[PDB]
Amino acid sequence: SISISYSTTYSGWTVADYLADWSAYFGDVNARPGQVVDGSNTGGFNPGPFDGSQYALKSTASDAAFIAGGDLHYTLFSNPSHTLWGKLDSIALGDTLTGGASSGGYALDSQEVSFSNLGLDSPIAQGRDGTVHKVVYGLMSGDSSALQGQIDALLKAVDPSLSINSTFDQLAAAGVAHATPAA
């Protein structure tokens, strides 16, 4: 079953509302006035260059960032071309990337929400139609819609009364989610 961590900052938010906010912030720092854009320009595969246990990317319009964790592979020009595939265990969303292979992995300076124990696995044979590819490809431009669809399905699998319209508070009460430090 999916497990979720959320910053205390977002306790009262629905998952959908949170994802819309992260996506808006990825598109424009001014969706969160008061923020600065000064994160290191870092990211990629860990260890890379085209495979790793993490793939991480930061916006260049803001410090919004994600980290995909699992056992991931990118085909580049090999068939099926431009496919990210493998096992996707977690998606963590927040602000500012730090780290990399040389310091124990990528991290977020502020982790806002992390969706873990996802159990997603896309074989190479599915190419760009794989769920892993669609989720991560969306996030590279700040589009959380594919991620949102998967989170909704995974929550409903726990209990059909849970959904992306549940608040993090409600998911905690249901035993799926727990709070982490302020963002």
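From 1 onward, residues are counted along the sequence shown.
Higher mean CA temperature factor between 16-24 and 165-173: 165-173, per the PDB entry. For the two regions 64-72 and 36-44, the entry's Cα B-factors average higher over 36-44. Listed residues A56, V158, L147, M140 were ranked by CA B-factor as deposited; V158 comes out on top. Annotation for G104: C-alpha temperature factor in the highest third relative to the rest of the modelled chain, per the entry.
When all modelled residues of the chain are sorted by CA temperature factor, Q111 is found within the middle third.
Among the modelled residues of its chain, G86 has a C-alpha B-factor that falls in the middle third according to the deposited record.
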